[PDB]
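Asker: One structure coming up, written as structure tokens, with questions to follow.
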Amino acid sequence: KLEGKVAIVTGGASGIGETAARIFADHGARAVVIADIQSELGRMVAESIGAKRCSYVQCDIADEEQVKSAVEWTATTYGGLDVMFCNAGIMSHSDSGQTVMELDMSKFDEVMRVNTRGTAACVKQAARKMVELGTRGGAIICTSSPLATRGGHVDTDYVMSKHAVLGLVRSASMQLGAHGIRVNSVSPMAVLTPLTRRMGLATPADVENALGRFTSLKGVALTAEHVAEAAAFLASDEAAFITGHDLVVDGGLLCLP
Amino acid sequence: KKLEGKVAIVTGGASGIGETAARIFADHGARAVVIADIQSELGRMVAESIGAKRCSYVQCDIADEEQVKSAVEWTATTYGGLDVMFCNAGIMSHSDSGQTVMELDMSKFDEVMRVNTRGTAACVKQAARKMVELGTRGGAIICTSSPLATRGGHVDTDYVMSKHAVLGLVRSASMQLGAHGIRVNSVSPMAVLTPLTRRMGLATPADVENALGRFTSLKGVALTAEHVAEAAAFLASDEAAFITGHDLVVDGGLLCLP
Amino acid sequence: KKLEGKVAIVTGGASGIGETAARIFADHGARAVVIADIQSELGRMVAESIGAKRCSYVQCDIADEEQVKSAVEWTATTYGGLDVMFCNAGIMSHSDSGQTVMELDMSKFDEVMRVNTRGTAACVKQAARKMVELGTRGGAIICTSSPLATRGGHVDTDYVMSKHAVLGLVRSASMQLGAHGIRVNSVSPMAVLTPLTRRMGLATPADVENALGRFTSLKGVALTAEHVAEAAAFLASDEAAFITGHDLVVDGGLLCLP
Amino acid sequence: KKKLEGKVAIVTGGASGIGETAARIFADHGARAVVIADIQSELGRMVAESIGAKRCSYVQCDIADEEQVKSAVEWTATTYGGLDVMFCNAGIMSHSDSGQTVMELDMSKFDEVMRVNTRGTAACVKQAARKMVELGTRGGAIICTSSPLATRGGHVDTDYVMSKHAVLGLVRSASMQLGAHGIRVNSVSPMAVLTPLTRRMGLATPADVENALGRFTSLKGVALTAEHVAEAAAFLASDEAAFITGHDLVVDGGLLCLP
Ligand SMILES: NC(=O)c1ccc[n+]([C@@H]2O[C@H](COP(=O)([O-])OP(=O)(O)OC[C@H]3O[C@@H](n4cnc5c(N)ncnc54)[C@H](O)[C@@H]3O)[C@@H](O)[C@H]2O)c1
Ligand SMILES: NC(=O)c1ccc[n+]([C@@H]2O[C@H](COP(=O)([O-])OP(=O)(O)OC[C@H]3O[C@@H](n4cnc5c(N)ncnc54)[C@H](O)[C@@H]3O)[C@@H](O)[C@H]2O)c1
Ligand SMILES: NC(=O)c1ccc[n+]([C@@H]2O[C@H](COP(=O)([O-])OP(=O)(O)OC[C@H]3O[C@@H](n4cnc5c(N)ncnc54)[C@H](O)[C@@H]3O)[C@@H](O)[C@H]2O)c1
Ligand SMILES: NC(=O)c1ccc[n+]([C@@H]2O[C@H](COP(=O)([O-])OP(=O)(O)OC[C@H]3O[C@@H](n4cnc5c(N)ncnc54)[C@H](O)[C@@H]3O)[C@@H](O)[C@H]2O)c1
């Protein structure tokens with residue numbers, strides 16, 4: 001699917017991004033660059049994938065200059081840039097849950113900084129590099145959420161940030177189609193990662209107990225591989241005419257708990 | 001191979017998008033692909049070309065629920081299962097006034113609604129019932145939709161209403177059949193060169209670009225039946241094991257209808 | 001007064017939401033309200049109660065396009081105008097197996113689709129033709145829809161499909177009739193205590209609260225037919241002069257269907 | 001009865017444009033008191049004096065400063081004895097030669113647009129809700145001004161598009177969380193209203209609007225006015241909308257696509 005492509009995975013040191021980097025390489029990616037802020041964790045992932053197929057770059061995506069450097073380093077080292085997986089994202093793990101009435105505006109600022117400013121800087125810098133290189137069939141994919149299209153009972157800062165990511169995806173797909181660049185998102189429900197266990201979901205039983213009643217599809221558990229497979233489809237020529245689309249991977253979510 | 005060992009029915013498989021999907025499903029390793037359709041000899045030609053040991057042709061007017069029952073049951077006992085139902089058959093009216101609201105021909109409305117909604121509903125029902133009987137694991141039902149399932153049209157109002165209805169069927173069936181591990185999704189392509197769009201006036205890739213090009217964000221690629229079949233194959237495979245109730249839009253970033 | 005001097009037709013006005021809309025339209029100053037229904041005894045009682053100088057009954061099965069045309073003609077001729085068409089009549093199956101996909105009764109599907117999609121389309125068409133013919137300024141066409149026009153259902157799959165189709169009609173009619181200054185919108189209420197919901201087993205406010213209370217964000221108020229009528233009167237008035245193609249949802253923040 | 005009889009309303013950004021007209025229309029619909037919160041002191045006191053000092057007051061309030069929002073909300077509730085309507089209407093767009101396209105996104109201008117439109121709006125919803133809960137307000141209403149660009153992408157002003165998407169996420173979440181208190185939260189999404197903001201974008205006259213947007217607008221024979229937007233807001237703020245929450249009320253004349 002991805003033979004000969006060069007991909008960057010922000011947040012690739014952990015969770016969904018880690019699995020996505022592994023799966024992109026299994027799909028024949030020429031090179032996968034993990035861009036994260038967890039240097040030793042990230043280097044670990046890179047060697048696990050294979051030090052000759054995967055590299056790590058320290059990159060705080062909220063700092064546009066660090067994004068530009070990571071993008072430039074990637075294109076120079078590997079001679080191209082075909083896939084930007086804008087995946088890094090954070091939540092506030094606030095004791096009072098970031099409800100509207102208890103909204104911690106300082107914690108709100110942190111979430112919006114990473115999830116909207118960082119994602120926007122990543123889309124911008126990746127687009128600029130693909131255009132400069134004349135990349136053909138380039139793909140930019142943002143990790144979203146069902147909370148990009150419906151409200152939350154908690155984590156209001158996160159909900160607003162993912163709504164904003166969807167607006168960015170829609171706008172970028174409109175503006176970058178002229179260059180043949182496709183911009184899409186993938187919105188998974190609950191994946192066991194370090195993020196979801198900070199919310200109190202550590203085991204598949206925790207997931208089913210929290211969400212199963214609200215999930216239409218029975219008899220299958222959502223894995224990080226599932227999310228990576230959706231993203232590899234979007235990045236591949238199997239999706240050559242798909243842009244501006246939010247690919248939802250949620251088992252028919254009826255509502256949040 | 002993503003469809004290895006699966007048994008697929010493709011309605012409307014004698015022509016256009018359905019024909020390509022049947023070929024592409026077989027190329028992705030489907031054990032058997034059954035074309036259900038009403039163009040008897042165009043369809044036998046296709047199953048012939050795909051490989052008479054991989055592909056059969058069944059006469060099936062999808063509006064008739066007993067013919068859908070029969071086609072589904074024939075497929076399952078012949079090949080020992082049913083894993084994928086690609087509910088793709090569908091029509092438009094091709095009317096002098098264009099089926100604007102002002103000039104809606106109620107009789108032609110009835111014909112479009114009969115195939116596109118009653119027939120699609122019959123296929124989803126009969127395919128689902130058989131999957132549950134056989135105990136199919138990870139079954140997939142996929143309906144061909146349209147950007148006109150989520151937006152209004154300037155013309156072909158009956159077709160627009162029918163595709164809106166198909167989307168409601170997909171959403172409802174996903175919530176009801178998830179208990180059986182059956183996933184239900186749709187694929188919504190924009191303009192594919194088929195006999196249907198030829199009846200509309202689009203014969204050549206240059207016609208498509210002249211009618212839809214300025215309304216499409218993505219430049220440098222034309223949509224093909226293969227693209228739609230690849231979207232469906234993805235949805236039918238384990239690559240989409242947790243995707244249900246979803247409308248997979250393949251429109252190049254359609255800004256608006258012309 | 002919001003609707004001062006306007007002539008309105010309310011289909012399904014003999015009962016439930018339509019009856020309350022007819023009364024509320026008159027309270028907002030409508031010059032004439034015409035109730036179009038198939039329950040003549042009930043409908044004549046509503047018309048007489050609103051006021052025989054202000055309100056008339058016409059027998060009209062909206063699934064028969066000729067009866068619709070006749071009712072619209074009679075309204076414009078009797079009252080010299082047509083400003084508001086509230087296409088509100090609709091039905092459900094009330095089947096013992098709930099019209100799930102697995103147990104979908106196609107003949108009952110046909111009945112629901114006939115009233116809710118074919119009939120609604122004929123009403124939109126015939127009202128639009130008449131307002132265009134009269135030169136109506138700022139005419140309004142409103143269809144009663146449902147949260148099930150935008151999400152799937154666990155039951156009543158035929159009704160879900162039909163209300164999706166109604167939204168496709170509203171969107172299409174909005175884009176085609178705006179050239180004439182005609183606005184087309186829908187209103188989508190959740191559970192109102194009417195003969196329709198009584199037939200689904202909801203007879204009392206406690207029944208509604210038990211079925212839907214914990215799926216509804218908004219507490220302290222129960223949806224009434226008057227709430228729905230006020231939404232329709234807003235959309236029908238100059239308070240909504242630039243609103244078209246819109247589905248006005250009146251559901252209390254519905255988290256999910258039961 | 002007047003649609004807003006007896007209600008106390010706050011209108012942020014009420015010194016100008018849509019918010020000024022909303023303040024006038026709310027008073028016209030019988031609001032007991034309208035408080036204009038803005039950062040244009042002389043303009044805002046003009047509006048308040050014009051509506052009538054007995055029924056309208058002005059407060060200086062930078063909505064991106066949560067403390068000033070809380071202070072304006074407390075002053076309203078203490079002065080007038082209640083808080084029934086919060087119309088979170090203040091917002092900005094960037095001054096950008098490059099249009100804030102993705103390719104030329106000025107990140108520091110993006111920051112400012114997000115700070116006012118998302119951080120400020122969130123603070124306004126929070127502080128208004130906290131007060132209505134404290135007061136035991138019955139049938140309270142919080143309305144945010146949104147845009148078609150809350151639900152569709154834009155060719156330009158990408159920062160603004162993301163900010164309005166985020167506002168809709170706030171409206172949806174607040175609706176879900178505040179319904180327990182009887183508080184309804186909705187948005188109103190107008191297309192092109194002639195204001196100082198759209199003049200800055202190059203739309204100064206009705207002909208400008210028609211030339212830029214007429215062929216993309218289904219509804220003919222009428223042009224969107226600020227009064228139309230205010231009437232939609234007044235509806236949502238009233239008992240005519242007693243069961244409407246979490247809803248985006250679109251006022252765009254059937255917009256077929258963005259320019
Ligand atoms: N896990 C879920 O269930 C779930 C569901 C829906 C959406 N998501 C989203 O998927 C993305 C990945 O989430 P995850 O579950 O793998 O969480 P995770 O915490 O396991 O991984 C996130 C990684 O992003 C990195 N990160 C944080 N800030 C960064 C920054 N400024 N610059 C660069 N990297 C940064 C982190 O170091 C981390 O390695 C996130 O956008 C999340 O919002 C997750
Ligand atoms: N061509 C496009 O650009 C386009 C765009 C959007 C959606 N679609 C939809 O994709 C589906 C296939 O369209 P197509 O372009 O391949 O058109 P097509 O006419 O070339 O193929 C349709 C086939 O379905 C068969 N058919 C019609 N009624 C039938 C019935 N009752 N029972 C069984 N078969 C019946 C027809 O014989 C035909 O072989 C349709 O549902 C169409 O609405 C097509
Ligand atoms: N909770 C609710 O009541 C609810 C919720 C959502 C949507 N709706 C929709 O609101 C509309 C009215 O529903 P209601 O609850 O008032 O039901 P109701 O049964 O109380 O009233 C419906 C009236 O429509 C008339 N009707 C049926 N078929 C007709 C036909 N062919 N021609 C003319 N009239 C016909 C009926 O005789 C009846 O008087 C319907 O479209 C319904 O789908 C109702
Ligand atoms: N005019 C349009 O076409 C249009 C369309 C859709 C949405 N909107 C939105 O409507 C809102 C009002 O826009 P408008 O056209 O009336 O513009 P406007 O500039 O005429 O009025 C906005 C007023 O908000 C005040 N404002 C800005 N930042 C503020 C802050 N931090 N604190 C307090 N007040 C502040 C401003 O001084 C100004 O008086 C905005 O949210 C805009 O996004 C406008």
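Simple scheme: letters A, B, ... for chains in structure tokens order, numbers from 1 for residues in each chain, numbers from 1 for ligands in the order shown.
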Give me the residues within 8 Å of range 121-137 of chain C as number ranges by chain, counting only C-alpha atoms and dropping any in the same chain fewer than 4 places off.

Answerer: B: 101-104, 106; C: 62-63, 65, 68-69, 72-73, 76, 81-83, 85, 87, 117, 141, 166, 169, 173, 177, 180-182

Asker: Determine, counting only C-alpha atoms, which protein, DNA and RNA residues have an atom within 6 Å of an atom of range 239-250 of chain B; residues of the same chain fewer than 5 positions away are not included. Present the result as a list in words.

Answerer: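 Skipping anything fewer than 5 positions along the chain leaves residues 229, 241, 242, 249, 251 and 252 of chain A; 171, 174, 183, 184, 185, 186, 187, 188 and 189 of chain B.
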
Asker: Write to file, as a CSV table (one decimal), in the first residue's frame, the residues of the selection just made, with N, CA, C and O atoms.

Answerer:
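Saved file result_24.csv follows:
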```
chain,number,residue,atom,x,y,z
A,229,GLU,N,-4.6,0.9,10.5
A,229,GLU,CA,-5.1,0.4,9.2
A,229,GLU,C,-6.0,1.4,8.5
A,229,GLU,O,-5.8,1.5,7.3
A,241,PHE,N,-9.0,9.4,-4.3
A,241,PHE,CA,-10.0,10.4,-4.5
A,241,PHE,C,-10.7,10.9,-3.2
A,241,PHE,O,-11.7,11.6,-3.3
A,242,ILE,N,-10.2,10.5,-2.0
A,242,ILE,CA,-10.8,10.8,-0.8
A,242,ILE,C,-10.0,11.9,-0.1
A,242,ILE,O,-8.9,11.8,0.2
A,249,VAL,N,-14.0,5.5,13.2
A,249,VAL,CA,-13.7,4.1,13.6
A,249,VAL,C,-14.2,3.9,15.0
A,249,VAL,O,-13.4,3.9,16.0
A,251,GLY,N,-17.2,1.7,16.0
A,251,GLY,CA,-18.1,0.5,16.2
A,251,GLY,C,-19.6,0.9,16.3
A,251,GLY,O,-20.4,0.2,17.0
A,252,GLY,N,-20.0,2.0,15.7
A,252,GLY,CA,-21.4,2.5,15.8
A,252,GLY,C,-21.7,3.0,17.2
A,252,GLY,O,-22.6,2.5,17.8
B,171,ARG,N,-27.6,3.5,8.7
B,171,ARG,CA,-27.5,3.9,10.1
B,171,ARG,C,-28.3,2.9,11.0
B,171,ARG,O,-27.8,2.5,12.0
B,174,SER,N,-26.9,-0.7,11.0
B,174,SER,CA,-25.7,-0.8,11.8
B,174,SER,C,-26.0,-0.9,13.3
B,174,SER,O,-25.4,-1.7,14.0
B,183,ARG,N,-21.3,-5.6,10.2
B,183,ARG,CA,-21.1,-4.2,10.0
B,183,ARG,C,-21.8,-3.7,8.8
B,183,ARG,O,-21.9,-4.4,7.8
B,184,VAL,N,-22.5,-2.5,8.9
B,184,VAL,CA,-23.2,-2.0,7.8
B,184,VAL,C,-22.7,-0.6,7.5
B,184,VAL,O,-22.6,0.3,8.4
B,185,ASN,N,-22.3,-0.3,6.2
B,185,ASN,CA,-21.6,0.9,5.8
B,185,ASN,C,-22.1,1.3,4.4
B,185,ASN,O,-22.8,0.5,3.8
B,186,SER,N,-21.8,2.6,4.0
B,186,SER,CA,-22.1,3.0,2.6
B,186,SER,C,-20.8,3.6,2.0
B,186,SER,O,-19.9,4.0,2.7
B,187,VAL,N,-20.8,3.6,0.7
B,187,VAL,CA,-19.8,4.3,-0.1
B,187,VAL,C,-20.5,5.3,-1.0
B,187,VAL,O,-21.5,4.9,-1.7
B,188,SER,N,-20.1,6.5,-1.0
B,188,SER,CA,-20.7,7.7,-1.7
B,188,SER,C,-19.8,8.3,-2.7
B,188,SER,O,-19.0,9.2,-2.4
B,189,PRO,N,-19.8,7.8,-3.9
B,189,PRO,CA,-18.9,8.4,-4.9
B,189,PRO,C,-19.5,9.5,-5.7
B,189,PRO,O,-20.7,9.6,-5.7
```

Asker: Enumerate residues in contact with ligand 2: an atom-to-atom distance of at most 8 Å, counting only C-alpha atoms and all ligand atoms. Format the result as a VMD selection string.

Answerer: chain B and resid 11 to 19 36 to 39 43 59 to 64 87 to 92 114 to 116 119 143 to 147 159 163 188 to 197

Asker: Only residues of chain A matter here; which ones have an atom within 8 Å of chain D, counting only C-alpha atoms? Give them as an MDAnalysis selection string.

Answerer: chainID A and resid 99:103 105 109 117 120:121 123:125 127:128 148:154 156 159:172 174:175

Asker: With only C-alpha atoms as the basis for distance, which of C:238, C:110, C:207, C:226 is at the shortest distance from chain B?

Answerer: C:110

Asker: Pick out the residues no farther than 9 Å from ligand 1, counting only C-alpha atoms and all ligand atoms, and list them as a compact mmCIF listing (two decimals) with N, CA and C atoms, in the first residue's frame.

Answerer:
```
# COMPACT_ATOMS: atom_id res chain seq x y z
N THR A 10 3.64 12.27 14.03
CA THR A 10 3.77 12.99 15.30
C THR A 10 3.12 12.19 16.42
N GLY A 11 3.67 12.32 17.63
CA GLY A 11 3.23 11.46 18.71
C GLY A 11 3.53 9.99 18.51
N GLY A 12 4.51 9.66 17.68
CA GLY A 12 4.81 8.26 17.40
C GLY A 12 5.59 7.51 18.45
N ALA A 13 5.84 8.10 19.61
CA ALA A 13 6.57 7.40 20.65
C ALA A 13 5.66 6.53 21.51
N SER A 14 4.34 6.61 21.32
CA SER A 14 3.41 6.02 22.27
C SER A 14 2.10 5.71 21.55
N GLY A 15 1.34 4.77 22.12
CA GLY A 15 -0.06 4.61 21.76
C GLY A 15 -0.34 4.45 20.29
N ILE A 16 -1.33 5.21 19.80
CA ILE A 16 -1.77 5.06 18.42
C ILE A 16 -0.63 5.39 17.47
N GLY A 17 0.09 6.47 17.74
CA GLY A 17 1.17 6.86 16.83
C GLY A 17 2.24 5.80 16.73
N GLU A 18 2.60 5.18 17.85
CA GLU A 18 3.59 4.11 17.81
C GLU A 18 3.12 2.98 16.90
N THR A 19 1.90 2.47 17.14
CA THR A 19 1.37 1.41 16.30
C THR A 19 1.28 1.84 14.84
N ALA A 35 8.11 11.75 15.35
CA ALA A 35 8.31 13.09 15.89
C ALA A 35 7.55 13.19 17.20
N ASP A 36 8.27 13.40 18.30
CA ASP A 36 7.65 13.35 19.61
C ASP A 36 8.50 14.18 20.56
N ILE A 37 8.10 14.21 21.82
CA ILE A 37 8.84 14.89 22.88
C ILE A 37 9.39 13.92 23.91
N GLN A 38 9.15 12.62 23.75
CA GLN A 38 9.63 11.60 24.68
C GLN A 38 10.81 10.92 24.01
N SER A 39 12.00 11.49 24.21
CA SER A 39 13.15 11.15 23.38
C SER A 39 13.54 9.69 23.53
N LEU A 41 11.89 6.98 25.04
CA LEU A 41 10.78 6.18 24.54
C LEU A 41 10.76 6.16 23.01
N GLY A 42 10.88 7.33 22.39
CA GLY A 42 10.78 7.40 20.94
C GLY A 42 11.91 6.67 20.24
N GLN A 58 13.25 14.82 17.87
CA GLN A 58 12.64 15.55 18.97
C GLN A 58 11.90 16.77 18.42
N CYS A 59 10.60 16.85 18.70
CA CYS A 59 9.79 17.89 18.06
C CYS A 59 8.56 18.16 18.92
N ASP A 60 8.54 19.32 19.56
CA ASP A 60 7.33 19.82 20.21
C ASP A 60 6.47 20.49 19.14
N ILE A 61 5.34 19.86 18.79
CA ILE A 61 4.60 20.35 17.62
C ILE A 61 3.98 21.72 17.84
N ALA A 62 3.86 22.18 19.09
CA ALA A 62 3.32 23.51 19.33
C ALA A 62 4.31 24.60 18.95
N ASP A 63 5.57 24.24 18.73
CA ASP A 63 6.60 25.19 18.34
C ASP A 63 6.80 25.05 16.83
N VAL A 67 8.67 22.13 14.24
CA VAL A 67 7.97 21.39 13.20
C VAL A 67 8.66 21.59 11.86
N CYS A 86 -0.65 13.60 11.50
CA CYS A 86 -0.70 14.59 12.58
C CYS A 86 -1.49 13.99 13.73
N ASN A 87 -0.79 13.31 14.62
CA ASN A 87 -1.44 12.44 15.58
C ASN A 87 -1.25 12.87 17.02
N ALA A 88 -0.20 13.61 17.33
CA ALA A 88 0.04 14.01 18.71
C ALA A 88 -1.15 14.79 19.26
N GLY A 89 -1.48 14.53 20.52
CA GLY A 89 -2.61 15.18 21.16
C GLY A 89 -2.61 14.84 22.63
N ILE A 90 -3.24 15.73 23.41
CA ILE A 90 -3.26 15.60 24.86
C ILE A 90 -4.66 15.90 25.39
N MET A 91 -4.91 15.44 26.60
CA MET A 91 -6.08 15.80 27.37
C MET A 91 -5.62 16.43 28.67
N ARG A 113 -3.29 24.48 22.90
CA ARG A 113 -1.96 24.71 22.33
C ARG A 113 -1.45 23.50 21.55
N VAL A 114 -1.49 22.31 22.16
CA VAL A 114 -1.01 21.13 21.47
C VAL A 114 -1.98 20.73 20.37
N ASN A 115 -3.26 20.64 20.71
CA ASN A 115 -4.16 19.93 19.81
C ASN A 115 -4.58 20.80 18.63
N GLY A 118 -0.56 23.15 17.48
CA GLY A 118 0.42 22.18 16.99
C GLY A 118 -0.06 21.46 15.74
N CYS A 142 -5.11 13.69 10.13
CA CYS A 142 -5.15 14.10 11.53
C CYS A 142 -5.94 13.09 12.34
N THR A 143 -5.42 12.75 13.52
CA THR A 143 -6.17 11.92 14.45
C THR A 143 -7.22 12.79 15.11
N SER A 144 -8.47 12.42 14.92
CA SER A 144 -9.54 13.19 15.52
C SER A 144 -10.18 12.38 16.64
N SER A 145 -11.50 12.37 16.68
CA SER A 145 -12.26 11.74 17.74
C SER A 145 -13.76 11.84 17.43
N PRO A 146 -14.59 10.94 17.95
CA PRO A 146 -16.04 11.20 17.90
C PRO A 146 -16.41 12.53 18.54
N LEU A 147 -15.60 13.01 19.48
CA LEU A 147 -15.83 14.30 20.11
C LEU A 147 -15.46 15.47 19.20
N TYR A 158 -10.91 19.44 25.41
CA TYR A 158 -10.59 18.44 24.40
C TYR A 158 -11.62 18.42 23.28
N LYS A 162 -10.88 19.18 19.28
CA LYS A 162 -11.04 18.22 18.18
C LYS A 162 -12.06 18.70 17.15
N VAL A 186 -8.92 10.59 11.02
CA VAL A 186 -9.39 9.31 11.53
C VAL A 186 -9.83 9.55 12.96
N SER A 187 -11.04 9.10 13.30
CA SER A 187 -11.65 9.36 14.60
C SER A 187 -11.95 8.04 15.30
N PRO A 188 -11.02 7.55 16.11
CA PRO A 188 -11.26 6.29 16.83
C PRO A 188 -11.97 6.51 18.16
N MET A 189 -12.64 5.45 18.64
CA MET A 189 -13.33 5.61 19.91
C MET A 189 -12.36 5.40 21.07
N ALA A 190 -12.29 4.21 21.66
CA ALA A 190 -11.44 4.02 22.83
C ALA A 190 -10.39 2.96 22.51
N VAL A 191 -9.13 3.37 22.53
CA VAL A 191 -7.98 2.50 22.31
C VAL A 191 -7.18 2.46 23.60
N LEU A 192 -6.79 1.26 24.04
CA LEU A 192 -5.95 1.15 25.23
C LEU A 192 -4.57 1.70 24.92
N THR A 193 -4.26 2.88 25.48
CA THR A 193 -2.98 3.55 25.31
C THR A 193 -2.65 4.17 26.66
N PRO A 194 -1.47 4.76 26.81
CA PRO A 194 -1.18 5.50 28.04
C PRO A 194 -2.15 6.65 28.28
N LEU A 195 -2.71 7.23 27.22
CA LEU A 195 -3.71 8.28 27.39
C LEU A 195 -4.98 7.72 28.04
N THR A 196 -5.51 6.63 27.50
CA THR A 196 -6.75 6.13 28.06
C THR A 196 -6.55 5.51 29.43
N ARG A 197 -5.36 5.04 29.76
CA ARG A 197 -5.28 4.55 31.13
C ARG A 197 -5.11 5.68 32.15
N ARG A 198 -4.59 6.84 31.74
CA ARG A 198 -4.67 8.01 32.60
C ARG A 198 -6.11 8.41 32.89
N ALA A 224 -5.30 -0.45 18.50
CA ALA A 224 -4.52 0.58 17.83
C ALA A 224 -4.20 0.17 16.40
```

Asker: Taking only C-alpha atoms and all ligand atoms into account, which residues have an atom no farther than 8 Å from ligand 4? I'd like them as number ranges by chain.

Answerer: D: 12-20, 37-40, 44, 60-65, 88-93, 116-117, 120, 144-148, 160, 164, 189-198

Asker: Give me, as a PyMOL selection string, the residues of chain A touching chain C, with the criterion being at most 9 Å (counting only C-alpha atoms).

Answerer: chain A and resi 254-256
